[PDB]
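Chain by chain, the residues run as shown.
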Amino acid sequence: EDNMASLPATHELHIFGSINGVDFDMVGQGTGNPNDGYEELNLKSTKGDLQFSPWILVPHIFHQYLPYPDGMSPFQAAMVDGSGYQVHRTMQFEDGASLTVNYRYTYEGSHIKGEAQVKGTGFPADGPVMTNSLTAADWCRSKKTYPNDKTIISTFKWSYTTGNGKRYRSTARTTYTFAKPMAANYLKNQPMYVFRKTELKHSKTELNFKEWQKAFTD
Ligand SMILES: [Cl-]
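Cut-offs and rules
Residues numbered from 1 in each chain as written, not as in the entry; some residues may be left out. Heavy atoms only, no water. Residues with missing side-chain atoms left out of burial classes, pairs and counts. Helix = DSSP H or I, 4+ residues; strand = E, 2+ residues; numbered from the N terminus. Buried < 20%, exposed > 50% of the residue type's maximum accessible area, 1.4 Å probe, protein only. Salt bridge = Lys/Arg side-chain N within 4 Å of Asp/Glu carboxyl O. Core = buried A, V, L, I, M, F, W, Y, C linked by side-chain atoms within 4.5 Å. Contact = heavy atoms within 4.5 Å. Pairing = 2+ DSSP bridges. Patch = residues over 30% accessible without salt bridge, like charges linked within 9 Å, V, L, I, M, F, W, Y side chains within 5 Å. Areas by Shrake-Rupley, 256 points an atom, 1.4 Å probe, with all protein chains shown as cover.

Draft legend 1. Just the side chain of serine 170, in detail. By secondary structure assignment, the location of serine 170 is in strand 12 (residues 167-178). Note on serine 170: relative accessible area 5%, which makes it buried.

Take a look at the structure:
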């Protein structure tokens, strides 16, 4: 079933699920540069106007594009050798909302197909998500640790800026589960930090996303 692949050059995403019990579904194509972490993605809704801020899909909308300082990231390594990994992210927001995302990928040569299943609940109807008041997301530093040879934990504090210049805050915990053990040399450099920035242009039915990533032993 699983075959060896290459460093990624192109990708696609099917992201779907529900926010406050209302279904959404988006599909589209992207590209990126595995030598510096950069990604671009276009998504189009297949179920009409999004009923919530498209910014809530950031950061969730491909660490296979992330290099490490002295070679491939474990995420990259697992694509190239084909064995891969699965991802579970939980995010809790300061107003009590929460969001889970589960990812599965398949690989063919330099192309990734991603499936991201989202469940968000508890967003207040007058909050910044359900009122489309999010305008931006801050630079964010993630901390990556390895509790065993098949697991990476990524944690980060997350913030959006609203239309009023307020901060909407959350924390995230992401668990990466590798099919096969990671190389021992990864375990010897803990933690790894990754600094990322995101950009989003959107309508109610389409978005264009960009991400920059840089890992540091620091
Ligand atoms: Cl992450």
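Read on, since the account is not over.
Draft legend 2. Main features of the pattern of salt bridges. Taken as a whole and assessed by the stated rule, the structure comprises 4 salt bridges. Here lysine 44 ties to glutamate 206 by a salt bridge, and the two come within 3.4 Å at their closest N and O atoms. Put simply, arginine 196 and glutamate 211 hold a salt bridge, and the shortest N to O gap is 3.7 Å. Here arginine 196, found in strand 13 (residues 192-202), pairs with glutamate 211, found in strand 14 (residues 206-216); they are 15 residues apart in sequence, far enough to count as distant.

Draft legend 3. Seen up close, the nonpolar core. Grouped together as the largest cluster of nonpolar side chains are 58 residues, with contacts concentrated most on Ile15 and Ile61. Per-element accounting of this core gives the leading share, 5 residues, to strand 7 (residues 98-108). With residues up to four places along the chain from it excluded, the contact list for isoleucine 15 reads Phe24, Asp25, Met26, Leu43, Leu57, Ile61, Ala116 and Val118.

Draft legend 4. Representation of the pairing of strand 12 in the model. Residues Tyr168, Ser170, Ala172, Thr174, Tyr176 and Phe178 line the buried face of strand 12, whereas the alternating positions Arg167, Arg169, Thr171, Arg173, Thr175 and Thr177 sit on a face that is not buried. In this sheet, strand 12 lies alongside strand 11 (residues 151-162) in antiparallel orientation, the contact comprising 11 bridges. Counted as the bridge partner of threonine 155 is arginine 173 from strand 12. Once strand 11 ends, the chain turns through 4 residues before running back antiparallel as strand 12, passing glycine 165 with a positive phi of about 70 degrees.

Draft legend 5. Structural view of a nonpolar patch on the surface. Nonpolar side chains collect at one region of the surface, where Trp139, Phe195 and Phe216 lie side by side and expose about 320 Å² of accessible area between them. The topology assignment puts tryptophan 139 in the loop between strand 9 (134-137) and strand 10 (140-148). For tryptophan 139, a relative accessible area of 56% puts it in the exposed group.

Draft legend 6. A look at the pairing of strand 1 (residues 10-19). With 7 of 10 residues buried, strand 1 is to be regarded as a mostly interior element. Pairing of strand 1 with strand 2 (residues 22-32) involves 10 bridges; the strand directions are antiparallel. Considered in strand 2, the bridge of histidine 14 is made with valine 27. What sits between strand 1 and strand 2 in their antiparallel hairpin is a turn of 2 residues, with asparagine 20 showing a positive phi close to 55 degrees. Two strands pair when backbone bridges link them, and strand 1 and strand 8 (residues 111-121) are joined in this way by 10 bridges, in the parallel orientation. Bridge pairing links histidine 11 to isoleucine 112 in strand 8.

Draft legend 7. Structural context of unusual backbone geometry. Cis rather than trans, the peptide bond between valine 58 and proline 59 has omega equal to 15 degrees. Within the chain, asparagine 20 stands out as a residue other than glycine whose phi angle is a positive 55 degrees. With respect to the element layout, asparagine 20 can be found in the loop between strand 1 and strand 2. What makes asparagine 20 partly exposed here is its relative accessible area of 32%. One non-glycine residue, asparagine 132, lies in positive phi territory at about 55 degrees. Mapped onto the secondary structure, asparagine 132 falls in the loop between strand 8 and strand 9. For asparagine 132, a relative accessible area of 40% puts it in the partly exposed group.

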